[PDB]
Amino acid sequence: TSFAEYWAXXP
Amino acid sequence: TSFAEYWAXXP
Amino acid sequence: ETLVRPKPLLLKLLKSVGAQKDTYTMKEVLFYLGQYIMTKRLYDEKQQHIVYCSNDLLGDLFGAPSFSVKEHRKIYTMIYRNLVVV
Amino acid sequence: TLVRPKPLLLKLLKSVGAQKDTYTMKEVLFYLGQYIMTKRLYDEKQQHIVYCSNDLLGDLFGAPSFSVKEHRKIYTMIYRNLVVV
């Protein structure tokens, strides 16, 4: 899992 | 408008 | 549709990756904040939910030198404590 | 839907931590945007513009720049560099 997907799950 | 938001509207 | 005005420290962070305004939606703040973490390469390459921010403005904002993006409550805590609702 | 990136796209994904050779399209898009931000390829003022000169991304696009608003061009670039499973 990418940081971007982790971040999208707080935008 | 951020790149993140532009990119979020192709993930 | 809620508009917020980030406080100076949070605003400095957003502006460092190109933010140009004083007023944002919550979604816009979250977009720029994630942009900041990736642009400054603060995420762990192996376990990419981990963020290292000890020598960074982000760590001053968070009150801790490292955190996981899975700590959603802490992320919203930091953001809401550093903005003014319009 | 599973996709297998071609060597050059796979090289790009691996440079930002991707660990497999097979992904969903959403995962490829996540890593690709992460790549652009991690390498700071977006224009600071007009952030839909991406600069690809002397970068792996420029070989993939075949162009030195593109706009994120060009959705069909982006998907065209991506589909040309993967194989649908």
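Along every chain, residues receive numbers from 1 upward following the written sequence, which is not necessarily the numbering found in the entry; those without coordinates are excluded from display. Chains carry letters and ligands carry numbers; both start at the beginning, A for chains and 1 for ligands, and go up in the order they are written. The side-chain quantities take in all heavy atoms of the structure and omit both hydrogens and water. Residues with missing side-chain atoms are left out of burial classes, side-chain pairs and their counts.

- Judging from the entry metadata, X-ray crystallography is the method by which this structure was determined, and 2.0000 Å is the reported resolution.

### Considering the overall build of chain D
Part 1: Looking only at helices and strands, one finds four helices and five strands in chain D.
Part 2: For chain D, the N- to C-terminal ordering of α and β elements is β-α-β-α-β-α-β-α-β.
Part 3: For a compact globule the rule gives 2.2 Å times the number of residues to the power 0.38, and the radius of gyration it is set against comes from C-alpha atoms. Here the C-alpha atoms of chain D give a radius of gyration of 12 Å, agreeing with the 12 Å that 2.2 N^0.38 yields for 85 residues.
Part 4: Projected onto its principal axes, the C-alpha positions of chain D cover 35 × 25 × 20 Å.
Part 5: Note on definitions: a residue-residue contact is assigned when non-hydrogen atoms from the two residues lie within 4.5 Å. Counting only contacts in chain D whose residues sit at least 6 apart along the sequence, the fraction spanning at least 24 positions is 34%. By definition, any uninterrupted DSSP run of H or I lasting at least four residues is a helix, any uninterrupted run of E lasting at least two residues is a strand, and each is numbered from the N terminus.

### What about the environment of C:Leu83?
Residues and elements named next belong to chain C.
Part 1: If you trace the backbone, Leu 83 turns up in strand β5 (residues 83–85).
Part 2: Measuring from C-alpha to C-alpha, the distance between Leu 83 and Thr 23 comes to 9.7 Å, with 60 residues separating the pair along the chain.
Part 3: With sequence-adjacent residues up to four places away left out, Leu 83 is seen in contact with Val 4, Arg 5, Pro 6, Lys 7 and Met 26.

### Concerning the packing of helix α1 (residues 8–15) of chain C against helix α2 (residues 26–39) of chain C
Residue and element names in this part refer to chain C.
Part 1: Every axis corresponds to a line fitted to the C-alpha atoms, with the helix fit spanning only the stretch in contact, and the corresponding angles, defined between N-to-C directions, vary from 0 to 180 degrees. Relative to each other, α1 and α2 sit at 65°, their axes nearing to 9 Å. Classified by chirality, the crossing of α2 by α1 is left-handed. Across from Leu 10, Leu 13 and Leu 14 in α1, the residues of α2 making contact are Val 29, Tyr 32, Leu 33 and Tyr 36.
Part 2: Taken together, the residues of the contact of α1 with α2 sort by class into seven nonpolar, no polar and no charged. Left-handed describes a crossing whose near helix is turned anticlockwise from the far helix by less than a right angle; the clockwise case is right-handed. Under the grouping applied here, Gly and all other residues not named as nonpolar or charged are polar, the nonpolar ones being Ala, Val, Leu, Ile, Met, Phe, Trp, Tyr, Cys and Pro and the charged ones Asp, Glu, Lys and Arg.

### Some points on the packing of aromatic side chains
Geometrically, a pair of aromatic rings is defined through the distance of the ring centres and the angle of the planes.
Part 1: Geometry of aromatic contacts follows a simple scheme: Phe, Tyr and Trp rings, the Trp one being its six-membered ring, pair when their centres are within 6.5 Å, and the pair is stacked under 30 degrees between planes, edge-to-face over 60, tilted otherwise. With centroids separated by 6.0 Å and ring planes inclined at 15°, the aromatic side chains of A:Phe3 and A:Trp7 adopt a geometry described as stacked. Placement of both A:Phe3 and A:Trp7 in helix α1 (residues 3–8) is noted, with a separation of four residues, approximately one turn of the helix.
Part 2: Ring geometry for C:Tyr24 and C:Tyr32: centres 6.0 Å apart, planes at 75°, overall edge-to-face.
Part 3: Grouped by ring-pair contacts, the aromatic residues A:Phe3, A:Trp7 and C:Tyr43 constitute a single cluster.

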